[PDB]
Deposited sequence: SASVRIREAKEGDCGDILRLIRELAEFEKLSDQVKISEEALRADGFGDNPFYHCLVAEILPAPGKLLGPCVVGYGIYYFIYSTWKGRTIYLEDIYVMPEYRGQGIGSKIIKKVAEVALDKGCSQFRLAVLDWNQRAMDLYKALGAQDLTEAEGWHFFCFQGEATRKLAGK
């Protein structure tokens, strides 16, 4: 059986390995130390869920944080979600998503957001199957990012 649960500091090694797997899957600077500090700190920057087979082994994860919508208020953003290849298509990713929804309601967040690459149609299809809307396709939203000098020029 599989359980989705809050990460503990002891999971940081396993989580770092899985972050590296998802980064490679997506085709492109965090230490185990940074994870422990940022993900559990005071003051945590983000929150991690692990999928664990019941010794027990961690086979997937999600990372989310709290954001905001001006129409709806408190919102969660699901940043990373990943299940190891051997463990895909046995409901684990859907269970991680359901857990994020449960956490959302528990924390007074009516809705949750994510970003996904348009080549990743199997993921997009799952999110649509679970009730999500593609607002890029529906409304025309384009993500922009300024880095380094671009942000400096933006700041005039």
{"property": "Parts of the chain sequence, as deposited, that carry no C-alpha coordinates in this structure", "result": "1 to 2, 31 to 34, 61 to 67, 170"}
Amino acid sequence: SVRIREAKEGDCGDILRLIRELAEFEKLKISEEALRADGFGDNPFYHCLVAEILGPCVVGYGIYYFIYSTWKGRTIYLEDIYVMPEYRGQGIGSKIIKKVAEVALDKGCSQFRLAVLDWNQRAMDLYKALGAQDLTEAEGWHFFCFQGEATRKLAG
From here on, numbers count along this sequence of modelled residues.
item	value
Per the entry, higher mean C-alpha B factor between 31 to 39 and 85 to 93	31 to 39
Between the two ranges 127 to 135 and 61 to 69, the one averaging a larger CA B factor in the entry	127 to 135
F112 by Cα B-factor - lowest, middle or highest third of the modelled chain	lowest
Relative C-alpha B-factor of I53, binned into the chain's lowest, middle or highest third	highest
Record-listed C-alpha B factor of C145: chain third	highest
Lowest, middle or highest third - CA B-factor, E9	highest
